[PDB]
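What follows is final-v2.cif (mmCIF, C-alpha atoms and all ligand atoms).
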data_query
loop_
_atom_site.label_atom_id
_atom_site.label_comp_id
_atom_site.auth_asym_id
_atom_site.auth_seq_id
_atom_site.Cartn_x
_atom_site.Cartn_y
_atom_site.Cartn_z
CA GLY N 1 126.03 91.19 113.30
CA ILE N 2 123.76 94.25 113.27
CA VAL N 3 121.03 92.35 115.16
CA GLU N 4 123.47 91.02 117.74
CA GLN N 5 124.99 94.50 117.97
CA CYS N 6 122.08 96.96 117.86
CA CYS N 7 119.23 94.71 119.10
CA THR N 8 120.39 92.05 121.58
CA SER N 9 123.01 94.45 122.83
CA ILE N 10 122.71 98.23 122.32
CA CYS N 11 124.29 100.28 119.53
CA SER N 12 125.03 103.88 118.61
CA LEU N 13 123.83 105.75 115.52
CA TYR N 14 127.47 105.83 114.44
CA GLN N 15 127.61 102.04 114.40
CA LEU N 16 124.44 101.99 112.33
CA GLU N 17 126.35 104.12 109.81
CA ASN N 18 128.53 101.05 109.26
CA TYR N 19 125.63 99.57 107.31
CA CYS N 20 125.05 102.47 104.91
CA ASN N 21 125.98 102.01 101.26
CA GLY Q 1 114.18 102.16 90.71
CA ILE Q 2 111.88 100.56 93.29
CA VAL Q 3 112.20 103.34 95.84
CA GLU Q 4 110.92 105.81 93.32
CA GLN Q 5 108.36 103.53 91.67
CA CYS Q 6 106.66 102.66 95.03
CA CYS Q 7 106.47 106.29 96.03
CA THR Q 8 105.84 108.13 92.73
CA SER Q 9 103.76 105.33 91.23
CA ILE Q 10 102.65 102.09 92.92
CA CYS Q 11 104.31 98.72 93.45
CA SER Q 12 103.38 95.22 94.54
CA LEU Q 13 104.72 93.17 97.40
CA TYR Q 14 105.86 90.71 94.73
CA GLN Q 15 107.99 93.44 93.20
CA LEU Q 16 109.44 94.30 96.64
CA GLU Q 17 110.50 90.70 97.07
CA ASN Q 18 113.13 91.27 94.36
CA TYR Q 19 115.15 93.27 96.87
CA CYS Q 20 115.33 90.47 99.34
CA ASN Q 21 118.61 88.79 100.06
CA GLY D 1 110.66 126.26 114.07
CA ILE D 2 112.13 122.77 113.70
CA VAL D 3 108.80 121.02 113.22
CA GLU D 4 108.10 123.18 110.23
CA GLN D 5 111.65 123.30 108.88
CA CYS D 6 112.00 119.45 108.84
CA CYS D 7 108.68 119.03 107.09
CA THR D 8 108.48 122.05 104.74
CA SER D 9 112.23 122.15 104.09
CA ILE D 10 114.87 119.69 105.31
CA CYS D 11 116.83 119.34 108.53
CA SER D 12 119.81 117.44 109.87
CA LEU D 13 120.04 115.07 112.78
CA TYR D 14 122.51 117.55 114.26
CA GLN D 15 119.81 120.21 114.18
CA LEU D 16 117.34 117.80 115.84
CA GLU D 17 119.78 117.28 118.67
CA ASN D 18 119.08 120.86 119.78
CA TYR D 19 115.71 119.70 121.08
CA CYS D 20 117.18 117.10 123.33
CA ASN D 21 116.97 117.49 127.06
CA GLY I 1 93.14 84.15 117.17
CA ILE I 2 95.29 86.56 115.14
CA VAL I 3 97.23 87.60 118.27
CA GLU I 4 97.77 84.00 119.36
CA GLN I 5 98.70 83.14 115.78
CA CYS I 6 100.81 86.04 114.48
CA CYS I 7 102.14 87.46 117.79
CA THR I 8 102.61 84.79 120.48
CA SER I 9 103.47 82.31 117.78
CA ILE I 10 104.69 83.41 114.32
CA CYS I 11 102.55 83.82 111.20
CA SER I 12 102.92 84.23 107.45
CA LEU I 13 101.65 87.12 105.32
CA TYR I 14 99.26 84.62 103.76
CA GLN I 15 97.67 83.94 107.13
CA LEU I 16 97.30 87.67 107.67
CA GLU I 17 95.28 87.68 104.43
CA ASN I 18 92.70 85.65 106.34
CA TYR I 19 91.75 88.87 108.11
CA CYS I 20 91.19 91.04 105.03
CA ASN I 21 87.64 92.06 104.15
CA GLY O 1 84.11 107.46 105.09
CA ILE O 2 86.55 107.83 107.98
CA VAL O 3 89.60 106.68 106.04
CA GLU O 4 89.06 109.44 103.55
CA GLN O 5 87.90 112.09 106.02
CA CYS O 6 91.01 111.67 108.27
CA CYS O 7 93.35 111.87 105.32
CA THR O 8 91.66 114.39 102.97
CA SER O 9 90.21 116.47 105.79
CA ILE O 10 90.76 116.04 109.54
CA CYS O 11 89.16 113.85 112.18
CA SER O 12 89.06 113.53 115.95
CA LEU O 13 90.00 110.61 118.14
CA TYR O 14 86.37 110.65 119.27
CA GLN O 15 85.30 110.06 115.68
CA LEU O 16 87.83 107.20 115.35
CA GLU O 17 86.30 105.53 118.38
CA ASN O 18 83.21 104.79 116.26
CA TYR O 19 85.19 102.10 114.46
CA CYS O 20 86.02 100.25 117.60
CA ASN O 21 84.55 96.85 118.24
CA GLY E 1 107.44 108.82 135.43
CA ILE E 2 105.82 108.43 132.00
CA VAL E 3 107.97 105.34 131.26
CA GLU E 4 107.20 103.77 134.63
CA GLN E 5 103.55 104.69 134.14
CA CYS E 6 102.74 104.02 130.47
CA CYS E 7 105.43 101.42 129.64
CA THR E 8 106.37 99.23 132.62
CA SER E 9 102.82 99.51 133.86
CA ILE E 10 99.93 100.43 131.53
CA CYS E 11 98.45 103.90 131.02
CA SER E 12 95.40 105.59 129.52
CA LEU E 13 95.35 108.19 126.75
CA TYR E 14 94.10 110.63 129.39
CA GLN E 15 97.25 110.13 131.43
CA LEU E 16 99.32 110.74 128.32
CA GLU E 17 97.55 114.11 128.10
CA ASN E 18 99.39 115.00 131.31
CA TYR E 19 102.51 115.38 129.19
CA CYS E 20 101.10 117.78 126.57
CA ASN E 21 102.30 121.38 126.59
CA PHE F 1 98.07 91.01 98.31
CA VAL F 2 97.27 94.49 96.99
CA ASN F 3 99.20 97.26 95.27
CA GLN F 4 101.01 99.76 97.48
CA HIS F 5 101.83 103.48 97.63
CA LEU F 6 105.01 103.48 99.73
CA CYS F 7 107.18 106.47 100.51
CA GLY F 8 109.98 107.23 102.91
CA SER F 9 110.35 104.99 105.94
CA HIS F 10 107.18 103.14 104.85
CA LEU F 11 109.01 101.57 101.96
CA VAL F 12 111.70 100.19 104.25
CA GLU F 13 109.09 98.92 106.71
CA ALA F 14 107.41 97.04 103.83
CA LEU F 15 110.76 95.54 102.78
CA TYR F 16 111.32 94.41 106.32
CA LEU F 17 107.95 92.65 106.34
CA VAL F 18 108.35 91.09 102.90
CA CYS F 19 111.99 89.97 103.28
CA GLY F 20 112.31 89.34 107.01
CA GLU F 21 115.36 87.49 108.21
CA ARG F 22 116.37 86.91 104.61
CA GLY F 23 117.31 90.59 104.72
CA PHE F 24 117.28 93.26 102.03
CA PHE F 25 119.06 96.10 100.30
CA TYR F 26 117.62 99.62 100.24
CA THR F 27 119.00 101.41 97.20
CA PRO F 28 117.38 104.76 96.33
CA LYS F 29 118.39 106.78 93.28
CA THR F 30 121.09 109.42 93.91
CA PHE R 1 124.22 110.94 120.41
CA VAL R 2 122.64 108.16 122.48
CA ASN R 3 122.49 104.35 122.39
CA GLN R 4 119.75 101.72 123.00
CA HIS R 5 118.06 98.53 121.78
CA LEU R 6 116.61 98.58 118.28
CA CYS R 7 114.75 95.45 117.28
CA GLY R 8 112.65 94.31 114.34
CA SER R 9 111.36 97.11 112.16
CA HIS R 10 112.73 99.74 114.57
CA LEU R 11 116.21 98.77 113.50
CA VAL R 12 115.52 99.32 109.80
CA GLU R 13 113.72 102.62 110.46
CA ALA R 14 116.83 103.72 112.35
CA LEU R 15 118.98 102.66 109.36
CA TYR R 16 116.69 104.63 107.07
CA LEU R 17 117.08 107.75 109.21
CA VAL R 18 120.86 107.39 109.52
CA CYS R 19 121.65 106.44 105.93
CA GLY R 20 118.78 107.91 103.90
CA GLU R 21 120.04 108.94 100.46
CA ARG R 22 122.99 106.56 100.64
CA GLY R 23 120.86 103.47 101.16
CA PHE R 24 121.72 100.59 103.43
CA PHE R 25 121.67 96.86 103.74
CA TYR R 26 119.85 94.92 106.42
CA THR R 27 121.31 91.45 106.79
CA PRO R 28 120.24 89.66 109.98
CA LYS R 29 121.88 86.44 108.77
CA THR R 30 125.13 88.36 108.22
CA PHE Y 1 124.38 111.28 108.72
CA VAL Y 2 122.22 112.69 105.92
CA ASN Y 3 119.62 115.44 105.61
CA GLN Y 4 116.03 114.55 106.39
CA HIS Y 5 112.49 115.31 105.19
CA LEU Y 6 110.45 114.67 108.34
CA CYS Y 7 106.75 115.29 108.79
CA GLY Y 8 104.13 114.34 111.31
CA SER Y 9 104.86 111.40 113.58
CA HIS Y 10 108.13 110.84 111.66
CA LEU Y 11 109.63 113.95 113.18
CA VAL Y 12 108.90 112.73 116.70
CA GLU Y 13 110.27 109.26 115.89
CA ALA Y 14 113.51 110.91 114.72
CA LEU Y 15 113.71 112.96 117.92
CA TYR Y 16 113.25 109.81 119.92
CA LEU Y 17 116.16 108.17 118.08
CA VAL Y 18 118.44 111.21 118.29
CA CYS Y 19 117.72 112.14 121.93
CA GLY Y 20 116.88 108.79 123.52
CA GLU Y 21 116.75 108.63 127.27
CA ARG Y 22 118.01 112.19 127.43
CA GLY Y 23 114.47 113.03 126.33
CA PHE Y 24 113.11 115.88 124.21
CA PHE Y 25 110.53 118.59 123.73
CA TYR Y 26 108.20 118.61 120.74
CA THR Y 27 107.10 122.19 120.12
CA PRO Y 28 105.26 122.85 116.84
CA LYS Y 29 104.12 126.32 115.81
CA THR Y 30 100.55 127.24 116.82
CA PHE S 1 107.53 85.09 101.81
CA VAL S 2 108.77 84.92 105.41
CA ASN S 3 107.26 84.50 108.88
CA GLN S 4 107.87 86.09 112.32
CA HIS S 5 106.33 87.65 115.44
CA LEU S 6 104.11 90.69 114.93
CA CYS S 7 102.85 92.29 118.11
CA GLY S 8 100.89 95.39 119.04
CA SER S 9 100.77 98.03 116.35
CA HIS S 10 103.20 96.04 114.17
CA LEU S 11 100.47 93.51 113.61
CA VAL S 12 97.96 96.08 112.35
CA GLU S 13 100.57 97.77 110.13
CA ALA S 14 101.23 94.34 108.61
CA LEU S 15 97.46 93.90 108.06
CA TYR S 16 97.35 97.32 106.41
CA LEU S 17 100.17 96.37 104.04
CA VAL S 18 98.68 92.97 103.20
CA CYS S 19 95.04 94.00 102.84
CA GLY S 20 95.18 97.69 101.90
CA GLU S 21 92.25 98.56 99.64
CA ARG S 22 90.21 95.61 100.86
CA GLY S 23 90.31 96.66 104.50
CA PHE S 24 90.65 94.32 107.44
CA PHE S 25 89.45 93.63 110.91
CA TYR S 26 91.63 93.49 113.98
CA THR S 27 89.94 91.52 116.75
CA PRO S 28 92.28 90.51 119.57
CA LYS S 29 89.32 89.25 121.62
CA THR S 30 88.26 87.09 118.66
CA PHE K 1 92.70 115.42 122.53
CA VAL K 2 93.35 117.32 119.29
CA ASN K 3 92.23 117.00 115.68
CA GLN K 4 94.25 114.72 113.42
CA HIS K 5 95.50 114.53 109.82
CA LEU K 6 95.87 110.76 109.33
CA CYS K 7 96.76 108.99 106.12
CA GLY K 8 97.84 105.52 105.16
CA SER K 9 99.26 103.31 107.87
CA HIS K 10 98.98 106.25 110.31
CA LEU K 11 95.23 105.95 110.34
CA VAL K 12 95.40 102.29 111.32
CA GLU K 13 98.01 103.03 114.00
CA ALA K 14 95.63 105.63 115.48
CA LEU K 15 92.76 103.12 115.44
CA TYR K 16 94.96 100.65 117.23
CA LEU K 17 95.71 103.21 119.95
CA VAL K 18 92.12 104.40 120.29
CA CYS K 19 90.44 100.96 120.22
CA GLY K 20 93.09 98.68 121.68
CA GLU K 21 92.05 95.20 122.67
CA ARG K 22 88.46 96.11 121.90
CA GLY K 23 89.61 95.83 118.29
CA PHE K 24 88.48 97.65 115.15
CA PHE K 25 87.45 97.48 111.53
CA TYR K 26 89.40 99.27 108.81
CA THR K 27 87.05 99.95 105.91
CA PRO K 28 88.36 102.28 103.19
CA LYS K 29 86.25 103.30 100.20
CA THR K 30 86.66 101.11 97.09
CA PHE H 1 89.20 104.73 125.71
CA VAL H 2 91.53 101.80 126.41
CA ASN H 3 94.84 101.23 128.23
CA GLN H 4 98.01 99.19 127.51
CA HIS H 5 101.83 99.12 127.45
CA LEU H 6 103.55 101.73 125.30
CA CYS H 7 107.31 101.41 125.12
CA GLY H 8 110.13 103.06 123.21
CA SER H 9 109.03 104.95 120.14
CA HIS H 10 105.44 103.72 120.55
CA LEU H 11 105.13 105.92 123.59
CA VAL H 12 106.19 109.08 121.75
CA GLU H 13 103.95 108.28 118.77
CA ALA H 14 101.07 107.98 121.24
CA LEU H 15 102.05 111.37 122.73
CA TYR H 16 102.11 112.84 119.24
CA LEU H 17 98.61 111.53 118.53
CA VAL H 18 97.21 112.70 121.87
CA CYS H 19 98.86 116.11 122.04
CA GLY H 20 99.50 117.04 118.40
CA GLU H 21 99.24 120.82 117.97
CA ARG H 22 99.93 121.45 121.65
CA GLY H 23 103.27 119.66 121.64
CA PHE H 24 104.59 117.50 124.43
CA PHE H 25 107.65 116.62 126.39
CA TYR H 26 109.18 113.18 126.63
CA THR H 27 111.36 112.88 129.70
CA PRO H 28 112.28 109.30 130.60
CA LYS H 29 114.70 110.54 133.28
CA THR H 30 111.88 112.63 134.79
CL CL L 1 103.62 109.47 106.05
CL CL L 2 108.21 96.65 119.89
NA NA L 3 105.97 103.22 112.76
ZN ZN L 4 104.27 108.19 107.37
ZN ZN L 5 107.69 98.16 118.24
#
Taking this structure as input, can you express it in the form of structure tokens?
Amino acid sequence: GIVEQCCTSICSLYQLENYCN
Amino acid sequence: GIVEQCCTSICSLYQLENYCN
Amino acid sequence: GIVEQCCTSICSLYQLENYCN
Amino acid sequence: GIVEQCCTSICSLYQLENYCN
Amino acid sequence: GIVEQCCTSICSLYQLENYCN
Amino acid sequence: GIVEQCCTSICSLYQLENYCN
Amino acid sequence: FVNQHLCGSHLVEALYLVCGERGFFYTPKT
Amino acid sequence: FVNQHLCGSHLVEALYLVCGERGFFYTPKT
Amino acid sequence: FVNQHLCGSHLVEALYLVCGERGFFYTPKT
Amino acid sequence: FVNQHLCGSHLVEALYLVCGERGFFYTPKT
Amino acid sequence: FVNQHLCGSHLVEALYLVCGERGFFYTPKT
Amino acid sequence: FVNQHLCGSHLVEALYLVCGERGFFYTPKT
């Protein structure tokens, strides 16, 4: 998930938007 | 809610715990 | 400038991008 | 100490209270 | 003290150094 | 540069002053 | 633990510390 | 925009910046 | 992405996130 | 509450949150 | 080095940077 | 003053503290 995606690997700000309400 | 109470007023860490998963 | 606009007013991430290299 | 306890190993918020005045 | 002076007024890094161990 | 100097290796606050405008 | 005055990003940083890998929701008004 | 590694509290501060008003969830367990 | 209220260090942290390894200038008035 | 690794400035921000009014000491040399 | 306006956690983060592994005390009033 | 490793956003927060009014540039590409 978000950790595996944005931390262990890298992630874009657009992917982080996936986790907005 | 909590976001407003912590900022406008004050809140405890025990109150913040209520927003844990 | 941006430093003042973000703090005194509000600004967007798209505006902040203008200060990228 | 605190570094060895809360950084190199993990630590609880209760242990961090050990370092309050 | 320093906590109040930095926040209510302003302080220098040279002043902050006085709270080093 | 600054990354190689202050991150990969260590750096002093005086070196960081090199990057002020 | 003491009472807190927590605005902006500082509120979310406190949630991160309090909740940890249990996770949390951040739900402001409006 | 650009990528990179965001870990611990840096990840939730990034969520805060991105989402802001909307709120977000941080679920490391998924 | 939402609008931001960004003061002090928080402005520079947002620039870091938005610009990344492209880098940025921080140029306040006065 | 939960555990985890707190390093560098993250450790003193955690101390600040925990201790607040009371103050704290940060002594990495011990 | 320039003069600083430092409140809350930001004061402790500045102490961490200035003092480093020499360590520091954080001693607010009351 | 003291040294140590400053990485990611910690490096630009240190620049902010050091430079403040003067502003700074952060250029990881150099
Ligand atoms: Cl603040
Ligand atoms: Cl880190
Ligand atoms: Na921070
Ligand atoms: Zn702040
Ligand atoms: Zn960090």
Skipping near chain neighbours, those fewer than 6 positions away, what residues fall within 9 Å of residue 4 (chain D) using only C-alpha atoms, listed as a ChimeraX atom specification? /Y:7,28-29
After fit on chain D (all C-alpha, ordered pairs), chain Q as a tab-separated table (two decimals) with C-alpha atoms, in the coordinates of the input:
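Below is the file that was written, selection.tsv:
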chain	number	residue	atom	x	y	z
Q	1	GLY	CA	110.65	126.26	114.06
Q	2	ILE	CA	112.13	122.77	113.71
Q	3	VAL	CA	108.81	121.02	113.22
Q	4	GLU	CA	108.10	123.18	110.23
Q	5	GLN	CA	111.65	123.30	108.88
Q	6	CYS	CA	111.99	119.45	108.84
Q	7	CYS	CA	108.68	119.03	107.09
Q	8	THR	CA	108.49	122.05	104.74
Q	9	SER	CA	112.22	122.15	104.09
Q	10	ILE	CA	114.87	119.68	105.30
Q	11	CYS	CA	116.83	119.34	108.53
Q	12	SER	CA	119.82	117.44	109.87
Q	13	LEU	CA	120.04	115.07	112.78
Q	14	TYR	CA	122.51	117.55	114.26
Q	15	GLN	CA	119.81	120.21	114.18
Q	16	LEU	CA	117.34	117.80	115.84
Q	17	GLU	CA	119.78	117.28	118.67
Q	18	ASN	CA	119.08	120.86	119.79
Q	19	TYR	CA	115.71	119.70	121.08
Q	20	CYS	CA	117.18	117.10	123.33
Q	21	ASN	CA	116.97	117.49	127.06
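Take CA of residue 15 (chain E) and CA of residue 12 (chain K): the distance between them is 21.7 Å.
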Distance limit 12 Å, reference ligand ZN 4 (chain L), atoms considered: all atoms listed in the file. Which residues make the cut? Give them as a PDB file with C-alpha atoms, keeping the file's coordinate frame.
ATOM      1  CA  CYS Q   7     106.470 106.290  96.030  1.00  0.00           C
TER       2      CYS Q   7
ATOM      3  CA  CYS D   7     108.680 119.030 107.090  1.00  0.00           C
TER       4      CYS D   7
ATOM      5  CA  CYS O   7      93.350 111.870 105.320  1.00  0.00           C
TER       6      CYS O   7
ATOM      7  CA  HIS F   5     101.830 103.480  97.630  1.00  0.00           C
ATOM      8  CA  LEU F   6     105.010 103.480  99.730  1.00  0.00           C
ATOM      9  CA  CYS F   7     107.180 106.470 100.510  1.00  0.00           C
ATOM     10  CA  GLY F   8     109.980 107.230 102.910  1.00  0.00           C
ATOM     11  CA  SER F   9     110.350 104.990 105.940  1.00  0.00           C
ATOM     12  CA  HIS F  10     107.180 103.140 104.850  1.00  0.00           C
ATOM     13  CA  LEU F  11     109.010 101.570 101.960  1.00  0.00           C
ATOM     14  CA  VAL F  12     111.700 100.190 104.250  1.00  0.00           C
ATOM     15  CA  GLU F  13     109.090  98.920 106.710  1.00  0.00           C
TER      16      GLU F  13
ATOM     17  CA  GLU R  13     113.720 102.620 110.460  1.00  0.00           C
TER      18      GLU R  13
ATOM     19  CA  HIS Y   5     112.490 115.310 105.190  1.00  0.00           C
ATOM     20  CA  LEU Y   6     110.450 114.670 108.340  1.00  0.00           C
ATOM     21  CA  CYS Y   7     106.750 115.290 108.790  1.00  0.00           C
ATOM     22  CA  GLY Y   8     104.130 114.340 111.310  1.00  0.00           C
ATOM     23  CA  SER Y   9     104.860 111.400 113.580  1.00  0.00           C
ATOM     24  CA  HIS Y  10     108.130 110.840 111.660  1.00  0.00           C
ATOM     25  CA  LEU Y  11     109.630 113.950 113.180  1.00  0.00           C
ATOM     26  CA  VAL Y  12     108.900 112.730 116.700  1.00  0.00           C
ATOM     27  CA  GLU Y  13     110.270 109.260 115.890  1.00  0.00           C
TER      28      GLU Y  13
ATOM     29  CA  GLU S  13     100.570  97.770 110.130  1.00  0.00           C
TER      30      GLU S  13
ATOM     31  CA  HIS K   5      95.500 114.530 109.820  1.00  0.00           C
ATOM     32  CA  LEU K   6      95.870 110.760 109.330  1.00  0.00           C
ATOM     33  CA  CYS K   7      96.760 108.990 106.120  1.00  0.00           C
ATOM     34  CA  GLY K   8      97.840 105.520 105.160  1.00  0.00           C
ATOM     35  CA  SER K   9      99.260 103.310 107.870  1.00  0.00           C
ATOM     36  CA  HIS K  10      98.980 106.250 110.310  1.00  0.00           C
ATOM     37  CA  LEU K  11      95.230 105.950 110.340  1.00  0.00           C
ATOM     38  CA  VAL K  12      95.400 102.290 111.320  1.00  0.00           C
ATOM     39  CA  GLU K  13      98.010 103.030 114.000  1.00  0.00           C
TER      40      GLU K  13
ATOM     41  CA  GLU H  13     103.950 108.280 118.770  1.00  0.00           C
TER      42      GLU H  13
END
Problem set entry | Two-atom distance - CA of residue 17 (chain F), CA of residue 8 (chain I) (Å) |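 Here the two named atoms are 17.0 Å from each other.
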From CA of residue 16 (chain O) to CA of residue 2 (chain E) the spacing works out at 24.5 Å
Superposed chain S (ref. Chain Y, all C-alpha pairs in order) as an mmCIF file with C-alpha atoms, in the frame of the given file:
data_model
loop_
_atom_site.group_PDB
_atom_site.id
_atom_site.type_symbol
_atom_site.label_atom_id
_atom_site.label_comp_id
_atom_site.auth_asym_id
_atom_site.auth_seq_id
_atom_site.Cartn_x
_atom_site.Cartn_y
_atom_site.Cartn_z
ATOM 1 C CA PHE S 1 125.016 112.093 108.685
ATOM 2 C CA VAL S 2 122.286 112.845 106.134
ATOM 3 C CA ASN S 3 119.325 115.216 105.811
ATOM 4 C CA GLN S 4 115.719 114.903 104.532
ATOM 5 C CA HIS S 5 112.031 115.651 105.148
ATOM 6 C CA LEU S 6 110.522 114.334 108.376
ATOM 7 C CA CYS S 7 106.811 114.923 108.752
ATOM 8 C CA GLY S 8 104.104 113.936 111.205
ATOM 9 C CA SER S 9 104.992 111.020 113.425
ATOM 10 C CA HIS S 10 108.262 110.460 111.524
ATOM 11 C CA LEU S 11 109.565 113.658 113.020
ATOM 12 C CA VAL S 12 108.878 112.588 116.609
ATOM 13 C CA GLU S 13 110.325 109.103 116.011
ATOM 14 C CA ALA S 14 113.475 110.829 114.744
ATOM 15 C CA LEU S 15 113.520 112.990 117.912
ATOM 16 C CA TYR S 16 113.135 109.844 120.006
ATOM 17 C CA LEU S 17 116.098 108.211 118.265
ATOM 18 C CA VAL S 18 118.294 111.310 118.511
ATOM 19 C CA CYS S 19 117.448 112.345 122.068
ATOM 20 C CA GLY S 20 116.370 109.112 123.773
ATOM 21 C CA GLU S 21 117.325 109.210 127.451
ATOM 22 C CA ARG S 22 117.463 112.996 127.492
ATOM 23 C CA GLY S 23 113.879 113.441 126.343
ATOM 24 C CA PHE S 24 112.664 116.099 123.956
ATOM 25 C CA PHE S 25 109.894 118.510 123.272
ATOM 26 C CA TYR S 26 107.755 118.545 120.170
ATOM 27 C CA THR S 27 106.147 121.948 119.675
ATOM 28 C CA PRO S 28 104.692 122.474 116.203
ATOM 29 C CA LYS S 29 103.108 125.757 117.328
ATOM 30 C CA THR S 30 106.526 126.919 118.562
#
Up to 10 Å from chain O, what residues of chain S turn up? Count only C-alpha atoms and give them as a PyMOL selection string. chain S and resi 25-27+29
Requested in this report: Could you please tell me, as number ranges by chain, which residues of chain F have an atom within 7 Å of chain S when using all atoms listed in the file?
Outcome: F: 1-2, 18-20
